[PDB]
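Q: curious how this folds, go ahead:
(chains A and B)
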Amino acid sequence: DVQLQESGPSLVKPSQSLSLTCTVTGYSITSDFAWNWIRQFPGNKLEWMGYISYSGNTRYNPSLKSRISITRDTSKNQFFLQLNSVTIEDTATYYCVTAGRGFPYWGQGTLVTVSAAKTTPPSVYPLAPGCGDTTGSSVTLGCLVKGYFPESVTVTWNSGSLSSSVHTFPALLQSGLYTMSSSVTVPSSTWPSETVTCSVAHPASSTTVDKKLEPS
Amino acid sequence: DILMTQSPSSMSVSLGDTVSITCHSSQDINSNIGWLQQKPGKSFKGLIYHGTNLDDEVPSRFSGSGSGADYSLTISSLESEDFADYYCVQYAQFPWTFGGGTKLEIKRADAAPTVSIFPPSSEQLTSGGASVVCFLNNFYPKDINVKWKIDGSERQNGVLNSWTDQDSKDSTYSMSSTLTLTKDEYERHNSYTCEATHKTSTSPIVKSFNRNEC
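A: Residues are numbered from 1 along each chain as shown, chains lettered A, B, ... in the order given. Shown next is the structure:
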């Protein structure tokens, strides 16, 4: 029971400074341990960034030595990360962690996206089998969701009245914006005879696009 | 920098199994290594420090040991919460560095992918783009390769793939592969082919369409 919690902006434009705070409770950042920043890149690789010890000494990973600064505020029981000149390869999840008996206590992580993009509603293209390929027992439909920002769309098939094989595929960066797809499998006689409708919500842009799926 | 090589990079296992994960450093680290668990979606928990010592709140079915450049983690009688990713980390010398992780995944039976290919939609074509989508759904194991062909010719540029995490109800994997082309190039070729090479078959599962039909 030693708690750490990260806070700060989760969106930073390139060449600005990423800045974050770790807030410690139930133990003093003056009193013991090194107090660390570790980041996890997309695809899951981990990188140790640096620390400031309980006596205020810092160590930084040479890989970031010229653009990193770690500080603290002993009276708020807080330490801080600042990471200058960020580019899109600084998109990662940031953790603050105590070293000492290994790495026992971790914050909950905060993802920080480094992007120049503006809020953009998605384009939603329905995915229906091209005629000719006559099918078997089940039929697979989908929706392609292209050119949105920031991340977090939600694709609801009917009212959710379907998770008969609803697959959601992780978004990828494509052209500065995000693309994801969703699939839904249904019996080959439930469609096209029934309405299959994919509703795509992008709350950041206050937009929802419904596509009803059409044969041929 | 000390390089941490973790073996294996994934593992398919069942509740009750014992699992053993190893770590190799490029240099002797004299037991200055720890072990970490990241549950899926979640943050980290420190398991082991100094090669062999348990952190507080860590059940005794977790154990480690090693010497020199070689150390392992053992988890005995796997429980459902134990399905997670595990990393070693060396702190013998700065910078501190991590292995690439071992994902513990759930064992199931081999399953073939249901492969579906879709032509660009008009609407997309309207805007000057043409994405050809191919879902390869509900397969096991997670190892799979996807090959695109345009008029017989194999195509690598413009392909983007996206994999789901192991499914929470059936324990299979899915991928989408998308081949993005200009509407211009698209209208210049007839046959679009998506081939899935998987363990459950000696031969690719092929799916195709012709631009010119219908």
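Q: please report the number of neighbouring residues for residue 49.
A: In the absence of a named chain, chain A is used. 23 (other CB atoms under 10 Å in any protein chain shown). Where you see a C-beta, it was placed from the backbone N, CA and C, and this is true even at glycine.
Q: wait, chain B
A: Neighbour tally, residue B:49, other CB under 10 Å: 23.
Q: pretty sure it is touching residue B:62, no?
A: No - with contact defined as CB atoms under 8 Å, residue B:49 does not reach residue B:62; the gap is 11.9 Å.
Q: excluding chain neighbours, what is closest to the residue lying farthest from the centre of chain A?
A: Most distant from the centre of chain A: residue A:132, at 39.3 Å, with distances by CA atoms, centre = their mean. In space, and not counting its chain neighbours, residue A:132 is closest to residue B:213: 5.3 Å by CB to CB, 6 or more residues apart in numbering or on different chains.
Q: need phi/psi at the one you found.
A: Torsion angles at residue B:213 (phi, psi; degrees, to the nearest 10) stand at phi -170, psi 170.
Q: residues in contact with it?
A: Going by CB atoms under 8 Å, 6 or more residues apart in numbering or on different chains, residue B:213 touches A:130, A:131, A:132.
Q: can you put those in TSV and add secondary structure?
A: Shown next, in TSV, are the contacts of residue B:213 (DSSP: H, G, I helix; E, B strand; the rest coil):
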residue	secondary structure
A:130	coil
A:131	coil
A:132	coil
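Q: closest one to residue B:137 out of these, please.
A: Nearest to residue B:137 among these: residue A:130, at 17.6 Å, using CB to CB.
Q: the closest one against residue B:214, yeah?
A: Yes - contact criterion CB under 8 Å: residue A:130 and residue B:214 qualify, at 7.1 Å.
Q: joint contacts of the two?
A: With CB under 8 Å, 6+ apart as the test, residue A:130 and residue B:214 both reach residue A:216.
Q: those two: who's more crowded?
A: residue A:130 (18 against 10).
Q: so what's residue A:77 up against?
A: A:23, A:24, A:25, A:28, A:29.
Q: please enumerate the helices of chain A.
A: In chain A, no segments count as helices under DSSP state H.
Q: quick check: domain ranges of it?
A: A:1-116, A:117-215 (curated CATH domains).
Q: before we move on, the earlier item: considering the contacts of residue A:77, which possesses the most neighbours?
A: The most neighbours, when the contacts of residue A:77 are compared by other CB under 10 Å, belong to residue A:29, which has 24 neighbours.
Q: once you drop chain neighbours, what's closest to the residue nearest to the spatial centre of chain B?
A: By CA atoms, centre = their mean, chain B has its centre lying nearest to residue B:142, at 6.8 Å. Sequence neighbours aside, residue B:173 is the residue nearest to residue B:142 in space, at 4.5 Å (criterion: CB to CB, 6+ apart).
Q: I figured the one you found hits residue B:140, correct?
A: Yes - assessed by CB under 8 Å, residue B:173 is found in contact with residue B:140 at 6.6 Å.
Q: next, count neighbours for residue B:151.
A: Residue B:151, neighbours per other CB under 10 Å, totals 12.
Q: touching, it and residue B:188? I think so.
A: No - counting by CB under 8 Å, residue B:151 does not reach residue B:188; the two are 9.2 Å apart.
Q: in chain A, which residue sits nearest chain B?
A: The minimum distance from chain A to chain B, using CB to the nearest CB, falls at residue A:102 (2.8 Å).
Q: which phi and psi does that residue have?
A: Residue torsions, per degrees, to the nearest 10, at residue A:102 are phi 80, psi -140.
Q: any idea how far residue B:32 is from the residue nearest to it when sequence neighbours are not counted?
A: Distances taken as CB to CB, 6+ apart place residue B:49 nearest to residue A:102, at 2.8 Å, with adjacent residues excluded. Distance check for residue B:49 against residue B:32: by CB to CB, to the nearest Å, it reads 9 Å.
Q: swap in residue A:89?
A: Using CB to CB, residue A:89 is found at 29 Å from residue B:32.
Q: and the two? which has more neighbours close in?
A: residue B:32 (19 against 10).
Q: can you tell me the centre-most residue of chain A?
A: Computing the C-alpha centroid of chain A and ranking residues by CA atoms, centre = their mean puts residue A:111 first, at 5.9 Å.
Q: show me the domain layout of chain B.
A: B:1-107, B:108-211.
Q: now do the end-to-end distance for the longest one.
A: The one in question is domain B:1-107. 36 Å (CA to CA, to the nearest Å).
Q: ok now that domain, how far from the chain's centre?
A: 18 Å (CA atoms, centre = their mean, to the nearest Å).
Q: any residue of stretch B:9-23 up close to chain A?
A: No - counting by CB under 8 Å from any CB of the partner chain, no contacts exist between stretch B:9-23 and chain A, the nearest distance being 10.5 Å.
Q: so residue A:157 makes contact with residue A:195?
A: No - with contact defined as CB under 8 Å, residue A:157 and residue A:195 do not form a contacting pair (10.7 Å).
Q: and the nearest residue to residue B:18 once chain neighbours are set aside, how many neighbours?
A: Of all residues not flanking residue B:18 in the chain, residue B:76 sits nearest, at 4.6 Å (CB to CB, 6+ apart). Residue B:76 has 15 neighbouring residues, counting by other CB under 10 Å.
Q: any idea how far residue B:76 lies from chain A?
A: 20 Å (CB to the nearest CB, to the nearest Å).
Q: could I get stretch A:99-113 in PDB with only the CA atoms?
A: Coordinates of the C-alpha atoms in stretch A:99-113 are reproduced here as PDB (Å, rounded to 0.1, in the frame of the first residue of the first chain):
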ATOM      1  CA  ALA A  99      12.900   1.100  -7.500                       C
ATOM      2  CA  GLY A 100      14.100  -0.600  -4.300                       C
ATOM      3  CA  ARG A 101      13.400  -4.300  -3.700                       C
ATOM      4  CA  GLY A 102      13.000  -4.400  -7.500                       C
ATOM      5  CA  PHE A 103      10.100  -2.400  -8.800                       C
ATOM      6  CA  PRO A 104       7.200  -3.100  -6.400                       C
ATOM      7  CA  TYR A 105       5.000   0.000  -6.700                       C
ATOM      8  CA  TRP A 106       3.700   1.300 -10.100                       C
ATOM      9  CA  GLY A 107       1.300   4.100 -11.100                       C
ATOM     10  CA  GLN A 108      -1.600   3.100 -13.300                       C
ATOM     11  CA  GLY A 109       0.100   4.400 -16.500                       C
ATOM     12  CA  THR A 110      -0.900   7.300 -18.700                       C
ATOM     13  CA  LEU A 111      -0.900   7.200 -22.500                       C
ATOM     14  CA  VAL A 112       0.400  10.300 -24.100                       C
ATOM     15  CA  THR A 113      -0.100  10.700 -27.900                       C
END
